[PDB]
Amino acid sequence: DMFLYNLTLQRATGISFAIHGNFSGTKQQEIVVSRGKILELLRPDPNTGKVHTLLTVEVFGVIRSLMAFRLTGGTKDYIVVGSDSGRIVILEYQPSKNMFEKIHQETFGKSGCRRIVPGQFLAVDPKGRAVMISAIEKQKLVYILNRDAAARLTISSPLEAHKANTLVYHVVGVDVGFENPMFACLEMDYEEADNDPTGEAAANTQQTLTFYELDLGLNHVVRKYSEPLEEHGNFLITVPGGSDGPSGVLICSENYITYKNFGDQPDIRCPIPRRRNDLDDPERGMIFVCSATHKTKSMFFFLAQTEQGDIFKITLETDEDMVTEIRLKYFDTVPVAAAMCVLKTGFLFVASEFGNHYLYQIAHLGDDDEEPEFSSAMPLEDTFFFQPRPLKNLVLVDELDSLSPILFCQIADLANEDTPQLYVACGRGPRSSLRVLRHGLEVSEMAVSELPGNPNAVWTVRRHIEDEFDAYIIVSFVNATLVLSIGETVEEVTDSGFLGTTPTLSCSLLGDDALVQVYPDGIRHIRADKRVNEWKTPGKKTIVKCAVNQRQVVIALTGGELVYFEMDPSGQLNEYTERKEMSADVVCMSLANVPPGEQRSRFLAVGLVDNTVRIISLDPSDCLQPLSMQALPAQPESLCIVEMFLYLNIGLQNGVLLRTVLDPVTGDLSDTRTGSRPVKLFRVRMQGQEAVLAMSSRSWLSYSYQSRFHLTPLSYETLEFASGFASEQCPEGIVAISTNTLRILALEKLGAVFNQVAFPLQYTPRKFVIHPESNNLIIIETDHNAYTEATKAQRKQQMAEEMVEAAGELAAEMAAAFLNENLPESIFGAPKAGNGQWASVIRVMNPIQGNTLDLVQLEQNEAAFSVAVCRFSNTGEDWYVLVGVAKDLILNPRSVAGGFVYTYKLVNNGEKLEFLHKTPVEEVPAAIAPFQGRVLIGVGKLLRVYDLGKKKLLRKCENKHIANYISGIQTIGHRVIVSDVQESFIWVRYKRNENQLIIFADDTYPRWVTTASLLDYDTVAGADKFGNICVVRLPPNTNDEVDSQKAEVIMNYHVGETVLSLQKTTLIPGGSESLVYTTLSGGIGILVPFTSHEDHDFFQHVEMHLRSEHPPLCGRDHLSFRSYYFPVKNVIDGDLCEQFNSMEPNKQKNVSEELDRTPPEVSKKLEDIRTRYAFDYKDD
Amino acid sequence: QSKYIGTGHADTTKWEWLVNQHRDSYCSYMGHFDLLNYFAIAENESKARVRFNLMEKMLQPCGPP
């Protein structure tokens, strides 16, 4: 038996919908976004300009439409949600409870994203009196919205607006001044097209803009108006009517925009302006992808973005009650957005269709400048032209990191740390990237300055005790120490500091204004009044270790000889009249800070080569006297006494760290392994309290939170030293030095999440492999409708040559500006052209830094879809890089001219690719796998065993009984698992005697596989194009000699987001194996096995209870949702279970008492799963 | 059942069946977000243009009978 448990770690980051309004019922405007399966409420701050996520809720359904409305005289906006349920839901956000309250939910149809069941389209009357939900075809429903005496919104019965054999491109409510509600929509009748064997009825069948009217007095809906359009349009825009502007709709169409208000209003059209000298194929059209609308009591305007990301400001001139002209004007350029929101106080929210999201501030409305303003009345026949310029009307204020779309992922420990990182190949075209993910605390790099030599230490010292900010940063190297004054320019200083040439063991502010340096050859004291008191080391000895304080200085000399200095209130230091020797040498010391009231701290921790730590009193009553010793499992590396009670932290030579309680004696303790690196301990200031920073393979932070400790690692690389920092530039940060680098960092965010570092790419990545020796990455980046750099260059040059042909002699100057400037493709989009064109690039990149080691630009129409790095049995230990490529791939309709397989030498330990040979093949090979000293390559439906030759790759075996097409292949040591594009997995054995691939098993169900992974020698876990995940297992007693084995399915589960990477791995050291998956919406999830049947029954009953006491927000049935395509088999939805903490307390009491438990017990048992398989940073 | 679009009978041609499942498929592409994402990634086109082509395909997904 294998029962699983699903959990989400990083929720989906891509945005499918976005609306704005006063959802909190205040003057503040919020933004409700739909990430597909998750509804989210965000609040952009008009002060700091950051977007904060107020609420995030899993709806357990497919959100297909999102609208907000407001009743007359209302002060708060509701939320209408069209889902994959057969229900419409109206929700209201509650700030006092921070939850969406389901105000209404009315049922009308069946579940699923059906063809004739409404839910796909949603348009509301701009006065809030009625809402219309409609399907893609035929069925359309309208509900009447009216509040009662208690001011609570009430819904009516559905009014039918069906029209058989009619397709709906888009629905939009028309702003009429409190007249009968009007819903305009684009329709297309296919009844004639379905009855004409010539196909002529298919053509000349143009879409009709139709106006539906809701007769409020007669309580029925009638197809009031209908007129055919000139060319097909993609979406509509509500033109504000009534008192503000003229009523009507803006129909967006390929290369045109048409205001077509009905009545005596004449159709007004304007062509879509095109950029000057488009590198795109002129045969391709141009449409708008989205539109925002801003309505003011004074004016109004629109913002319409093109496929290239061109935002235009559309204004309408009006006379009497009719419109005169459509005035477009080039506003700016942002990435291609799925939705835009224009908020008051000047802010534009751009939710990109892929990649990171953006929040800009509107500096200028777009006018008052000297840019050309186009009008519909301008005659031309030819379109308008404009010059794409950098951002001059907007300013980037915030950027939300979104991982969508995640195409490949490898969870491995490529860095020096212990916890594995998530190396994620993800992005969209030119904005693609390889991002490294570490789950910890976000680190804001305030500054980075490289240091010569190898620095080993660093401190930060104030100039006065009353100074709110520090004054000096000291860095100790091998033979020298350096002082920096953190003024306005953080420049190197020499005179104010004195110190010396020799390495420094400590730098502290001893007096109110006196500085003290401890170096191996002695102690230097620097008074504020520049008088230096120098203390030489007695005899030939040197100072091994030290421990400073606000009024105490203890040093440990060779042979373990302690020397104690205490400052008198007059200011000088006085050495004690006795020096104590230890049982062995001293390796580390710590001395607690003095309380504000007292004049000296009592306890002194001293670590010995005895592998023991000892507490020594410093009060004059028992000065330098043993108080309590303690043995340790290894030699200590650092000590740190800290308050919150008193705790002694001990970091050993191995990676173990210990927290102990002490007062007159040492008490009990708890320990944990951090190992791989010796643990160092530093004092840091966090949230106005004292926290401890322990450094090993990772930098962990231990801090108390409401008498409850936390030990959270930093999402950052290895560090070597650190000390607390505080300046006006960074009020509360940390100065840390790593190998040959000095860094000023800050820990602003307190919550632990998946933090990233992004390495930009050029094209959309398909796959990357791990080089075992070099630990580097070989990534293939392939994109459709693209030019390669060479081809782009030839078309730009050729376009200059065509450009000179005009009689004119400014053509050479225009060609100077044009050729000189290659616009950045990351922001202004990448030139796209050709239905058969492609662009593929092989890249060798180091995962430690962002540097690309090698670059291989492929030919024009070559498209790589597979890659691998392996050795060959016939050759030596030389690494080879095979890359599967396709020649002249045309999709829709699928037709391929050829395919290739490049072979590379990968010399200089994985740093450069040397061309070997290029073996051609008939069909595209989208699968390459190392297999028993040779390489399995899947060309088309043919799985072939390939060996290396000096001229070409020799075909050693072939199997052509595969159904459709090979998408991927993975092999255990003996067997071969192949992923058919449509017909699930197949099980093949390779007979070594005859080189024969015998198919010995397949699946009973068809599965549109996307990726998979071998859980063991018998079972395989696979993903689905439709967002499902399954585990299929062979019969237990089987051998590869038998044939036609039906593989039984032991797990089915609909995730709801398309999965593209499954990987069995351990997330943290000491935890258990989990099945981590990534998704196409930028989300990271895990599947977790149960350890006993008792837990299975427990979480299962939790699931059943919450399915009824906490039903999905958008009317969907949870059990049906997870059984979207296949019934659920042995999976418990942990995302639903963790909503136990969000229910009402009475429901928690009922569900808990039904399990004979208490709510806190249920919550802890839910946290146990994350503690065992994910990230838990609680420290008792 | 006759009033439910997509339902079939004994005298239902293969063209009617596959145009029914073709239109159903295109509508499902419109619905499920990540499916439209996969398609918009394969062919380097924005989501809006992919949905537009999927709507133009609704007139005659296969061909005349």
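Residues numbered from 1 in each chain as written, not as in the entry; some residues may be left out. Chains lettered and ligands numbered in written order. Part of a larger assembly, values for the part shown. Heavy atoms only, no water.

Per the PDB entry, chain B goes by Splicing factor 3B subunit 5 and derives from Homo sapiens. According to its UniProt record, chain B has this under Subcellular location: "Nucleus". We quote the UniProt Sequence similarities comment for chain B here in full: "Belongs to the SF3B5 family." (UniProt positions renumbered as here; feature names shortened; annotations may be inferred.)

Looking at the PDB entry, one finds chain A named Splicing factor 3B subunit 3 and attributed to Homo sapiens. UniProt, in its Subcellular location section for chain A, records the words "Nucleus". The record held by UniProt for chain A lists under Sequence similarities the comment "Belongs to the RSE1 family."

Helix and strand counts for chain B come out as 3 helices and 0 strands. Reading chain B from its N terminus to its C terminus gives the helix and strand order α-α-α. Counting only C-alpha atoms, chain B reaches 40 × 25 × 15 Å along its principal axes. Here chain B, with 65 residues, has 51% of them falling under the buried criterion. (Helix = DSSP H or I, 4+ residues; strand = E, 2+ residues; numbered from the N terminus. Buried < 20%, exposed > 50% of the residue type's maximum accessible area, 1.4 Å probe, protein only.)

To continue, consider the interface of chain A and chain B. Each partner contributes residues to the interface: chain A has 66 residues there, and chain B has 36 residues. Interface area, chain A with chain B, both sides summed: about 4500 Å², of which 60% is carbon and sulfur. Connecting chain A to chain B are 5 salt bridges. Measuring nitrogen to oxygen at the nearest pair gives 3.1 Å for the salt bridge that ties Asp24 of chain B to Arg115 of chain A. Run the count over chain A and chain B and you get 15 residue pairs in polar contact. Elements supplying a minimum of two residues to the side of chain A that touches chain B: β15 (166-174), β16 (182-189), β19 (233-239) and β68 (777-784) of chain A. Examining the composition of the side of chain A that touches chain B, we find that 3 residues originate from one element, β15 of chain A, more than from any other. Tallied by class, residues from the side of chain A that touches chain B come to 27 nonpolar, 19 polar and 20 charged. (Contact = heavy atoms within 4.5 Å. Buried area = accessible area lost by both parts, 1.4 Å probe. Salt bridge = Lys/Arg side-chain N within 4 Å of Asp/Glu carboxyl O. Polar contact = N/O pair within 3.5 Å; in protein donor to acceptor, adjacent residues only side chain to side chain. Nonpolar A, V, L, I, M, F, W, Y, C, P; charged D, E, K, R; others polar.)

Residues and elements named next belong to chain A. The strand order across the open sheet built from 4 strands is β71-β72-β73-β74, with neighbouring strands paired in antiparallel fashion. Looking at strand neighbours, the two that pair on one side only are β71 (862-870) and β74 (915-921), the edges of this open sheet. Averaged over neighbouring strand pairs, the angle between their axes works out to 20° when direction is ignored. Two strands pair when backbone bridges link them, and strand β73 (residues 898-904) and β74 are joined in this way by 6 bridges, in the antiparallel orientation. Across the sheet, residue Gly899 finds its bridge partner in β74, namely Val921. (Pairing = 2+ DSSP bridges. Axes fitted to C-alpha atoms, helices over the stretch in contact; angles between N-to-C directions.)

Relative to the 22 Å expected for 16 residues at 1.5 Å per residue, helix α1 (residues 789-804) of chain A spans 23 Å between its end C-alpha atoms, a close match to the ideal helical length. The complete set of buried residues in α1 of chain A reads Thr791, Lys792, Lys796, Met799 and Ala800 of chain A. (Expected span 1.5 Å × (residues − 1).)

On to the pairing of strand β56 (residues 646-652) of chain A, then. Residue and element names in this part refer to chain A. Counting buried residues in β56 gives 6 out of 7 residues, a clear majority hidden from the surface. Both strand β55 (residues 636-643) and β56 contribute to a ladder of 7 bridges, which runs antiparallel. Paired with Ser638 across the two strands is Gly651, which belongs to β56. Pairing between β56 and strand β57 (residues 656-662): 5 bridges, direction antiparallel. Each bridged residue has a counterpart across the sheet, and for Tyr647 the counterpart in β57 is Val661. Counted between consecutive antiparallel strands, the loop separating β56 from β57 contains 3 residues.

Residues and elements named next belong to chain A. At the junction of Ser404 and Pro405, the peptide bond is cis and its omega measures out at 0° in the coordinates. Here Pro405 lies in the loop between β33 (394-400) and β34 (406-412). With phi around 60°, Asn165 is a residue other than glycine that occupies positive phi space. Tracing the backbone through its elements, the reader meets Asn165 in the loop between β14 (159-160) and β15.

As a further point, take helix α1 (residues 14-31) of chain B. Under the 1.5 Å per step criterion, the end-to-end length of α1 of chain B is 25 Å for 18 residues, consistent within 8% with the ideal 26 Å. Taken residue by residue, α1 of chain B has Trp15, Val19, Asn20, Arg23, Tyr26, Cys27, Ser28, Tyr29, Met30 and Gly31 of chain B as its buried positions. Buried positions along α1 of chain B lie against β6 (63-69) of chain A together with α2 (33-42) and α3 (47-56) of chain B.

Here the focus is the domain arrangement of chain A. Partitioning chain A into structural domains gives domain 1 (4-400) and domain 2 (444-758). Placing a centre on the C-alpha atoms of domain 1 of chain A and another on those of domain 2 of chain A gives a separation of 59 Å. (Domains from an automatic or database assignment.)

Moving on to the side chain of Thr712 of chain A. Note that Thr712 of chain A resides in strand β62 (residues 709-713). When residues no more than four places from it in sequence are discounted, the contact partners of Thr712 of chain A are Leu441, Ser699, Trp700, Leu701, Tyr703 and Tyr1177 of chain A.

Looking now at the packing of helix α4 (residues 1093-1109) of chain A against helix α7 (residues 1145-1154) of chain A. How two helices sit against one another is set out by the angle between their axes and by the gap between those axes. Residues and elements named next belong to chain A. The N-to-C vectors of α4 and α7 enclose an angle of 150°; their axes lie 10 Å apart at closest approach. By the criterion of interaxial angle, the relationship of α4 to α7 is roughly antiparallel. Note on packing geometry: the crossing formed by α4 with α7 is right-handed. Where α4 abuts α7, its residues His1105, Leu1106 and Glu1109 lie against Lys1147, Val1151 and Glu1154. Its residues assigned to classes, the contact of α4 with α7 shows 2 nonpolar, 1 polar and 3 charged. (Parallel < 35°, antiparallel > 145°, perpendicular 65-115°, else oblique. Left-handed = near helix turned anticlockwise from the far one by under 90°.)

This brings us to the packing of α1 of chain B against α3 of chain B. All names here are of chain B. Axis separation between α1 and α3 bottoms out at 10 Å; the angle between their running directions is 160°. The angle between α1 and α3 falls in the class roughly antiparallel. Helix-helix and strand crossings are classified by hand; for α1 and α3 the assignment is left-handed. Residues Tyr26, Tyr29 and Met30 of α1 form the contact with α3, whose participating residues are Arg51, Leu54 and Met55. Its residues placed into classes, the contact of α1 with α3 shows 5 nonpolar, no polar and 1 charged.

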